[PDB]
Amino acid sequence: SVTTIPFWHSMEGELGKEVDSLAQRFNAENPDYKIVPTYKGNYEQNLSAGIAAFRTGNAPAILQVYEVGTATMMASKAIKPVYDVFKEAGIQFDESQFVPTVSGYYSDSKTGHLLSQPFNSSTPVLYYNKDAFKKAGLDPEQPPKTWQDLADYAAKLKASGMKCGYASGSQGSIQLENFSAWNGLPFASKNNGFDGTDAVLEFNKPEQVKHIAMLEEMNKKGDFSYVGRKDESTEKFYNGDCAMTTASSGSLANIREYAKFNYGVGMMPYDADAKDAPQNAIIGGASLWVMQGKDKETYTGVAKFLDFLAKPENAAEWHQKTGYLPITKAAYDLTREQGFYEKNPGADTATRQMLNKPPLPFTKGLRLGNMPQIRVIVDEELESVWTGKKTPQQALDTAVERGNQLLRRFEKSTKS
């Protein structure tokens, strides 16, 4: 037989074509199953569409869902954990192959087993202009390792004639979520939400407040430019406006294509005063969920497809062609062995950040309900610091209080 396996996703353009190519290869290699990818819209649209279809008995078998939708999928009663899909298919499933801070975001807090499989994963890194560094008398092979050094570098790069020292983008919440994990701090109680829906937000502590205050001082001096339009920080970097920026690891391919200068990619700076720093970064992007209600041939095909995506050759290909992270340690090692990092300098930096230290219980990821709305609140409150409306402490306190109201609404929504 050939079992058709619908896979609904949000990958447009060339990324969608790569999804199609992988499905076509899987289908050729596994002739009893036919993965059928369909683009269903953006992340919010695909999540809504998949759940609504599940309610009427017409869900796809596989649904790509962004990282901030994880709590929603867990509360939906609509998913079969990936670990269970493999077990019920009778297919061996080695969860240790994944980079632990990539699969960790999507794993069960009690058992460690995978609930959904990381698909397109990213993390923020530091892009920097090596030619600008040289002109400022900095070592182009030594990007700043701490925020304190970054502030000094930004001042020297501005003074040497760069229009902009350091730019950071609209993604303020993602930067503060990563700041907390990378500095060894919880963003929320209950191990970053993993241990329950009674978690509360905790990112208004001294290190976060100090970090935002530092950025605000840099802002006041003209050394930090907050540029809040989507991807504006990346464009200001690759256009030569900004000497340094923190942006998604997935932006490297665009940077390599448009930058008219020698760029480098460093790990995120950390707070020099934070004892546990640098710790580990956390992922963004999306994962693949498997829907309930399907037959055994469907789940066998799903398991085989998820396995295929994680095989070293296909996981390496994915990382090399799309710019997303290698989801497995074997895919990273293979990519290196193939010389790809000599042709694409800096494309290994993000993985090295993911493996910097083994994660703490509260640095595996962030698991909060209503997280899309919490991110907007955090983004807004940080924007109020840059405008001079609020102090760092006032903004983070406000974001914690407003965000906690969202967490409580989500918690009550799960109660019968």
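Heads up: residue numbers just count along the shown sequence, starting at 1.
S.K.: Going by the B-factors listed in the PDB entry, is the mean over the C-alpha atoms higher for 62 to 70 or for 365 to 373?
M.R.: Comparing 62 to 70 with 365 to 373, the higher average CA B-factor belongs to 365 to 373.
S.K.: Going by the average Cα B-factor in the PDB entry, point out whether 209 to 217 or 227 to 235 comes out higher.
M.R.: Mean B over CA atoms: larger for 227 to 235.
S.K.: Among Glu141, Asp271, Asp152, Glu257, which carries the highest Cα B-factor?
M.R.: Comparing C-alpha B-factors across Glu141, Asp271, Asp152, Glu257, the maximum falls on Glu257.
S.K.: Looking at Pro124, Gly264, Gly184, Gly222, which has the biggest Cα B factor in the entry?
M.R.: Max CA B-factor in the entry, restricted to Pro124, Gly264, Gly184, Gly222: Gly222.
S.K.: Split the chain's modelled residues into thirds by Cα B-factor; is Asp307 in the lowest, middle or highest one?
M.R.: Lowest third of the chain for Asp307's C-alpha B-factor.
S.K.: Considering only modelled residues of the same chain, in which third does the CA B-factor of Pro118 rank: lowest, middle or highest?
M.R.: Its C-alpha B-factor, which the entry lists for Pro118, ranks in the lowest third among residues of this chain.
S.K.: Should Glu297 be placed in the lowest, middle or highest third of its chain by the C-alpha B factor in the entry?
M.R.: Middle third by C-alpha B-factor.
S.K.: Ordered by C-alpha B-factor within the chain, which third holds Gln353? Give me lowest, middle or highest, please.
M.R.: Tercile = highest for this residue's CA B-factor.
S.K.: Relative to the other modelled residues of the same chain, rank the CA B-factor of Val200 and answer lowest, middle or highest third.
M.R.: As the PDB entry reports it, the C-alpha B-factor of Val200 lands in the lowest third of its chain.
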